[PDB]
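Observations on chain architecture
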Amino acid sequence: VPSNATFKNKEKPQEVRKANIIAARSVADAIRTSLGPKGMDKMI
Amino acid sequence: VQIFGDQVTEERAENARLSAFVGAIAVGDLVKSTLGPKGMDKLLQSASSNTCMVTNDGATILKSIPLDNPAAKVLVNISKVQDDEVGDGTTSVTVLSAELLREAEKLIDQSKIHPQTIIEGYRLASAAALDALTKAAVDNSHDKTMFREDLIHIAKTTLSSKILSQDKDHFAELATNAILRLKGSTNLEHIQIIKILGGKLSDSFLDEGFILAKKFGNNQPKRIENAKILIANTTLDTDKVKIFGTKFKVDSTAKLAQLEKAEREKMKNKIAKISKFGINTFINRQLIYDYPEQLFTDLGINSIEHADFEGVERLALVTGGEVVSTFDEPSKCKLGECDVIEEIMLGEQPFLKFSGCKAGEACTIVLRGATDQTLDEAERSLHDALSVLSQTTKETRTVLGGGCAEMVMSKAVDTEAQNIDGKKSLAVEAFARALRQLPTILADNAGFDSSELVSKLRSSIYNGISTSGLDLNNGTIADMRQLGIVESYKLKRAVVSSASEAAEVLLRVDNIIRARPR
Amino acid sequence: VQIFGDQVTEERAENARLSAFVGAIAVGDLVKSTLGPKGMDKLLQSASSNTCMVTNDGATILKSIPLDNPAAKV
Amino acid sequence: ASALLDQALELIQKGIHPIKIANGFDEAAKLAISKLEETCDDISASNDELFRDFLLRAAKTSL
Amino acid sequence: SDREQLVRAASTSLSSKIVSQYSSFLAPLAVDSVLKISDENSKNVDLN
Amino acid sequence: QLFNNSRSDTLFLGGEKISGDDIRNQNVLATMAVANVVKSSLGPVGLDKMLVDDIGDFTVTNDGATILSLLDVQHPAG
Amino acid sequence: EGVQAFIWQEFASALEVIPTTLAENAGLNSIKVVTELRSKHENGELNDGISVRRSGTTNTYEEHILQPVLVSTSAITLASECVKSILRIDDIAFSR
Ligand SMILES: Nc1ncnc2c1ncn2[C@@H]1O[C@H](COP(=O)(O)OP(=O)(O)O)[C@@H](O)[C@H]1O
Ligand SMILES: [Mg+2]
Ligand SMILES: [Mg+2]
Ligand SMILES: [Mg+2]
């Protein structure tokens, strides 16, 4: 059950995908406050 | 004594080499994860302009990433040459050329073999590998039914690694019909690719006729039935008089008023010669002024201006006519006919659509995607698929893919390795194990154990069955004839030839002299 | 979010497993030619006083040569 | 601890007050301890011969 | 062409826009603009 | 007000982005800073103000139309 | 009965962010609304939604609140195609 089959290598892509999701959800949080009739305008 | 100068980096002997081996390992590991249908795409961020690109092609990755290693550029150039001559397999060439050095790294180290002796091992191994791959090829184009079916299997194999792999089932017919309409002429200038935002990837449809984005004249109607299409090389513009090199000498303004009127009648007489053809549609290569445009309204002639150099030949072949310059003789330059010139709109930009033309010698592909990162890859995904399908028209020899081709070539290498006396026999067996690294990575990127799949595939071919291959969906050994995996012989021959020659260059480098950068 | 302070080098990925194995290769290749009766001695250049030391033993060679790689310190 | 914070971040985005999240973890902590306390058994009834075996069992796990 | 379905959908699509309070006369404005171009083929209705 | 907020944590912006009540607080201070001028100039009992271009010339303007025109305000809401 | 089914459970819960945001921006409690949303949407086939004027759950058709189908259809399609493109990035390399 252990020690057999295969072992995962180069686990950085697992962290790269996490860094891409966290950075994308951070952008979606600022625009989330503008959703619906109760949303607010964003001055840039 | 330092003869070279200040700030001159040089490595010699064991320092000179192992700079080329680490260079191939660093370059090979970048495209190692992109090999196979389960491979992962790599994102490239530019140091300036903040431009990002998502690409699965091993050639486009090596061109964007700056590399100061002289041996790294060796693997970059072979990826461009493989992209120039074929366009597919650029990732496999970089990996296979790197695995030849990884095996040769232990040959000089563990077995203590001279580098030139290893070169003689690849020469005898590559000669036997190309002979076994040629005999495994199957003749094509003898039957028009089998020729069309083989092109569908090639498009499914190339697009398997692309992001199109989900929708490639519907895209196999998209890329196949574009090649059959070329009538044997191989060019990608006749195939147009338009990017559109919105929808889904599978919404991409094949264009009947030729579609090119243009705009009608101000007073010209959108839809004309049975319109005649003509393309003119000459542009309607102020020509001076004839030879240029002149200016008017006006003694009195009484003749100056009739002088400008004479220039208005010159372009008016040129349109009168065009109206002798009875055309309902006119196409110009460059911008048309408003003065000649009004002459097309009274004559019922459509106008298309600002045509690109590629758009001139794409439109002329679909309609069947040829580009007219002098307009003098009406009998020459017989013109085709288009059924529907009515313009449609895809997205926020209207696209002029044609239907029911005489010839399909040129094609147009419409692509729809969510972001430009997908559209940038969707164009390069079909560009690699249409390149192999276009080369398959002239080159009919095809072989089985799916990791089977690399294993069949390695079978003949181990057969002739037993009859080769000397230390160069170890370099011959190293070429066979290097061919097994390509199907090994196919299992690693798919999440399956490579030691189990390669061992079952290696022992199955020695039993006399050459149709066995790797199935990544079920994670077992399956037949390539049933799964429909077919690749062209020119594709696999270019991978083995380019990788074997690239590894020979870096094994011949005993010194590296780096001049001071400018 | 970076929990570590400034000028803190860490490798959580393939770069760590690569640096650990290659770090032992340079250590093994240094004392490789010193194994056997046909081996050759090594020269040590001192950073102070310019005192040269020539020894075939691998214990003095590894302790005298500074090594910042933890894989080498093992 | 980080697993409790990962599940709490999802509850904060839903509009739950952080104190209401902490109040739920305190009540759920005593329910888990009281449940596992009833499942375990007392090994003190064994003699000194068997008591040494239980010490060898937990030793190999921590090693 | 339905004045009940188009106007109520145009004012609802405004939502948080600053014109929501001005949507009284603006909702028939966007409806009557599209109704001037009618086709049975459901063309994209160019906004030029 | 108070202490400056952290700069783009996980947000990865090249500029400065502040959220919460700090924006509406600075927006009020933008209108209150420009009001204290116009305030004392209102009514018959109001007094004129003198604006200087640093080049040696002065400008006496009672109403806030030219005052706000001459004074450079870089605040977006100001 | 598969690992693909376990992913679909998170796909349905991911769409709840839109009605949750409507309550957060309006000051109402999201769970108190969703608790009423799950009960009313079980018997009712459609038109049950959140109304910002009445601050609660009521019939959106009687309130005239309506949106085209192409707005919601493209929102689900474009979101699924973007997630597929993001999850395929295994690394980010500096280029020229
Ligand atoms: N559907 C499939 N099943 C099994 N193997 C495949 C499949 N599609 C592609 N391959 C293998 O992946 C390898 C790489 O294919 P391709 O992407 O065309 O070249 P590259 O990866 O060099 O761009 C090929 O050698 C082929 O054997
Ligand atoms: Mg390919
Ligand atoms: Mg422990
Ligand atoms: Mg809206």
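As stated in the entry header, the method of structure determination is cryo-EM and the reported resolution is 2.99 Å.

**Some words on the overall build of chain D**
For chain D, the count of helices and strands is three helices and zero strands. Sequence-ordered secondary structure for chain D, helices as α and strands as β, is α-α-α. Here the C-alpha radius of gyration of chain D, 19 Å, is well above what a compact globule of 63 residues would show, namely 11 Å. With the C-alpha coordinates aligned to their principal axes, the bounding extent of chain D is approximately 60 × 25 × 15 Å.

**Examining the overall build of chain C**
When its secondary structure is counted, chain C shows three helices and two strands. Seen in sequence order, chain C has helices and strands lined up from the N terminus as α-β-β-α-α. For a compact globule of 74 residues, the expected C-alpha radius of gyration is about 11 Å, and chain C comes in at 16 Å, more than 25% above that figure. Dimensions of chain C along its principal axes, counting C-alpha atoms only, are 55 × 30 × 15 Å. Looking at chain C residue by residue over its 74 residues, the buried ones come to 11%. For chain C, the proportion of contacts with a sequence separation of at least 24, taken over those separated by at least 6, is 25%. Entry remark: accessible area of chain C is about 6200 Å², with carbon and sulfur atoms responsible for 57%. Across chain C, the centroid of the 7 positively charged side chains sits 8 Å from that of the 8 negatively charged ones.

**Notes on the interface of chain B and chain G**
Listed per partner, the contact involves 24 residues of chain B and 15 residues of chain G. Counting each side, the surface lost to burial between chain B and chain G is near 1800 Å², with a carbon and sulfur contribution of 55%. Of the charged contacts, one joins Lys42(B) and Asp91(G) as a salt bridge, the two residues approaching to 3.9 Å between their closest N and O atoms. At the junction of chain B and chain G, the tally comes to twelve residue pairs in polar contact. Where the side of chain B that touches chain G is concerned, the elements lending two or more residues are β2 (41-46) and α2 (58-64) of chain B. Top contributing element to the side of chain B that touches chain G by residue count: β2(B), with six residues. Across the side of chain B that touches chain G, the residue classes tally to nine nonpolar, ten polar and five charged.

**Topic: a nonpolar patch on the surface**
Side chains of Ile7(G), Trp8(G), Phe11(G), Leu15(G) and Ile76(G) sit close together on the surface and give an oily, nonpolar patch of about 550 Å² of accessible area. Top contributing element to the nonpolar patch by residue count: helix α1 (residues 3-14) of chain G, with three residues.

**Description of unusual backbone geometry**
Look at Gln7(C): it is not a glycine, yet its phi comes out positive at around 55°. Examined against the element boundaries, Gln7(C) turns out to sit in the segment before α1 (14-32). Residue classification places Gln7(C) among the exposed residues on the basis of a relative accessible area of 84%. For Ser55(G), which is not a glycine, the phi torsion comes out positive at approximately 55°. As for its position among the elements, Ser55(G) is in the loop between β1 (48-51) and β2 (56-59). When its relative accessible area of 41% is taken as the criterion, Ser55(G) is described as partly exposed.

**Considering the packing of aromatic side chains**
Evaluation of the coordinates by the stated rule reveals three aromatic pairs over all chains. Its end group placed over the ring of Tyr291(B), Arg264(B) keeps NZ or CZ at 5.6 Å from the ring centre. Across from the ring centre of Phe54(D), 4.7 Å away, lies the NZ or CZ of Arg57(D), which sits over that ring.

**Some thoughts on helix α1 (residues 3-14) of chain E**
All names here are of chain E. Helix length check: α1, at twelve residues, gives a terminal C-alpha distance of 17 Å against a target of 16 Å (1.5 Å per residue), a fit within 8%. Between the side-chain oxygen of the N-cap and the backbone nitrogen of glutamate 4 there are 3.1 Å, and the N-cap of α1 in question is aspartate 2. Just beyond α1, the residue with positive phi is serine 15, at close to 55°.

**A short note on the site of ligand 1**
Residues and elements named next belong to chain B. Around ligand 1, a shell composed of 19 residues is seen, among which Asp88, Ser92, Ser160, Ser161 and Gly402 lie nearest. Within the backbone of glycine 402, one N or O atom sits 2.9 Å away from an oxygen atom of ligand 1. Isolated, ligand 1 exposes 560 Å² of accessible area, and the fraction of that covered by the protein chains is 89%.

**Observations regarding the packing of helix α5 (residues 115-135) of chain B against helix α12 (residues 404-417) of chain B**
All names here are of chain B. Interaxial distance between α5 and α12 falls to 8 Å at its minimum, and their mutual angle equals 130°. By the angle between their axes, α5 is oblique relative to α12. For the pair α5 and α12, the sense of crossing is right-handed. Contact with α5, carried on its side by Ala125, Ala128, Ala129, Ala132 and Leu133, involves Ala405, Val408, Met409, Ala412, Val413 and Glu416 of α12 and no other residues of that element. Class assignment of the residues belonging to the contact of α5 with α12 gives a composition of ten nonpolar, no polar and one charged.

**As for the interface of chain C and chain A**
At the junction of the two partners, chain C supplies four residues and chain A supplies four residues. When residues of chain C are sorted by the area they lose upon contact with chain A, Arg12(C), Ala13(C) and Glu14(C) head the list and together hold 77% of the total. Run the count over chain C and chain A and you get one salt bridge. Note that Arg12(C) is salt-bridged to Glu15(A), the shortest N-O span being 3.8 Å. On inspection of chain C and its partner chain A, the count reaches zero residue pairs in polar contact. Looking at the side of chain C that touches chain A residue by residue, the class counts come to one nonpolar, one polar and two charged.

**Quick notes on the sheet that holds strand β3 (residues 52-55) of chain B**
As summarised here, the arrangement of the three strands in space is β3(B)-β2(B)-β3(G), forming an open sheet in which the pairing is mixed. The open sheet has two free edges, formed respectively by β3 of chain B together with β3 (89-95) of chain G, since each of these has just one partner strand. Shown here is a sheet whose adjacent strand axes are inclined to one another by a mean of 25°, direction ignored. The pairing of β2(B) with β3(G) spans five bridges and is parallel.

**Some details on the environment of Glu36(G)**
The residue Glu36(G) is located in helix α3 (residues 30-43) in this model. Once the C-alpha coordinates of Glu36(G) and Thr58(G) are considered, the two residues, 22 residues apart in sequence, prove to be 9.9 Å apart.

**Side note on the nonpolar core**
Residue and element names in this part refer to chain B. Within the largest apolar cluster, 53 residues are counted, with the highest numbers of intra-cluster contacts made by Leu75, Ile118 and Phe431. Counting residues per element, this core draws most heavily on helix α4 (residues 90-109), at nine residues. Here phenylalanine 431 is in contact with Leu100, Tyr122, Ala125, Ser126, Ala129, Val413 and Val496, once residues within four sequence places are set aside. Counting residues in each nonpolar core, the second largest holds 35 residues, with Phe171, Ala175, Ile179 and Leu367 among its members.

**Focus: the sheet that holds strand β7 (residues 231-232) of chain B**
Within a beta sheet, neighbouring strands are joined by backbone hydrogen bonds and run either parallel or antiparallel to one another. Strands sit in the order β7-β8-β9 (chain B) across an open sheet of three strands; the sheet is parallel. In the strand order of this sheet, the two ends are held by β7 and β9 (302-304) of chain B, each with one partner.

**Brief notes about the pairing of β1(G)**
Across a regular strand the side chains alternate sides, sitting on one face of the sheet and then on the other. Residues and elements named next belong to chain G. Across four bridges, the pairing between β1 and β2 is antiparallel. Among the inter-strand pairings, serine 51 is bridged to a residue of β2, identified as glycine 56. A loop of four residues connects β1 with β2, the two strands running antiparallel in sequence, and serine 55 in this loop sits at a positive phi of about 55°.

**Structural notes on the pattern of salt bridges**
Pairing between side chains of opposite charge can happen when the charged atoms of each approach one another. Counted under the stated rule, the structure contains 34 salt bridges over all chains. Note that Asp384(B) is salt-bridged to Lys162(B), the shortest N-O span being 3.8 Å. Within this pair, whereas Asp384(B) is found in helix α11 (residues 372-394), its partner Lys162(B) is found in the loop between α6 (144-161) and α7 (168-180), the two being separated by 222 residues in sequence. Taking relative accessible area as the criterion, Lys162(B) reaches 2% and is therefore assigned buried. Several salt bridges converge on common partners, so that one network encompasses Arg223(B), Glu342(B), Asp39(E) and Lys43(E).

**A closer look at the packing of α4(B) against helix α14 (residues 437-445) of chain B**
All names here are of chain B. Closest axis-to-axis distance for the α4/α14 pair is 10 Å, and the angle between their directions is 120°. The element α4 and its partner α14 pack so that their crossing is right-handed. Each of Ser92, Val95, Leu96 and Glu99 in α4 lies in contact with α14, whose residues at this interface are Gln437, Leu438 and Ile441.

**Section: the arrangement of the chains**
Across the twelve pairs of chains in contact, the largest number of contacts is found between chains B and G. The closest approach of any C-alpha atom in chain D to one in chain F is 16 Å; the two make no contact.

**Comments concerning the environment of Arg57(D)**
All names here are of chain D. Mapped onto the secondary structure, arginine 57 falls in helix α3 (residues 48-62). Owing to a relative accessible area of 55%, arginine 57 belongs among the exposed residues under this scheme. With 31 residues separating them in the primary sequence, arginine 57 and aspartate 26 have C-alpha atoms 32 Å apart.

What counts and how
- Residues numbered from 1 in each chain as written, not as in the entry; some residues may be left out.
- Chains lettered and ligands numbered in written order.
- Part of a larger assembly, values for the part shown.
- Heavy atoms only, no water.
- Helix = DSSP H or I, 4+ residues; strand = E, 2+ residues; numbered from the N terminus.
- Rg over C-alpha atoms; globule rule 2.2 N^0.38 Å.
- Buried < 20%, exposed > 50% of the residue type's maximum accessible area, 1.4 Å probe, protein only.
- Contact = heavy atoms within 4.5 Å.
- Areas by Shrake-Rupley, 256 points an atom, 1.4 Å probe, with all protein chains shown as cover.
- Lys, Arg positive; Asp, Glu negative; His and termini not counted.
- Charge placed at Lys NZ, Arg CZ, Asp CG, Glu CD.
- Buried area = accessible area lost by both parts, 1.4 Å probe.
- Salt bridge = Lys/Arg side-chain N within 4 Å of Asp/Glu carboxyl O.
- Polar contact = N/O pair within 3.5 Å; in protein donor to acceptor, adjacent residues only side chain to side chain.
- Nonpolar A, V, L, I, M, F, W, Y, C, P; charged D, E, K, R; others polar.
- Patch = residues over 30% accessible without salt bridge, like charges linked within 9 Å, V, L, I, M, F, W, Y side chains within 5 Å.
- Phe/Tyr/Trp six-rings, centres within 6.5 Å; stacked < 30°, edge-to-face > 60°.
- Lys NZ or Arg CZ within 6 Å of the ring centre and 35° of its normal.
- Expected span 1.5 Å × (residues − 1).
- Near = heavy atom within 4 Å.
- Axes fitted to C-alpha atoms, helices over the stretch in contact; angles between N-to-C directions.
- Parallel < 35°, antiparallel > 145°, perpendicular 65-115°, else oblique.
- Left-handed = near helix turned anticlockwise from the far one by under 90°.
- Pairing = 2+ DSSP bridges.
- Core = buried A, V, L, I, M, F, W, Y, C linked by side-chain atoms within 4.5 Å.

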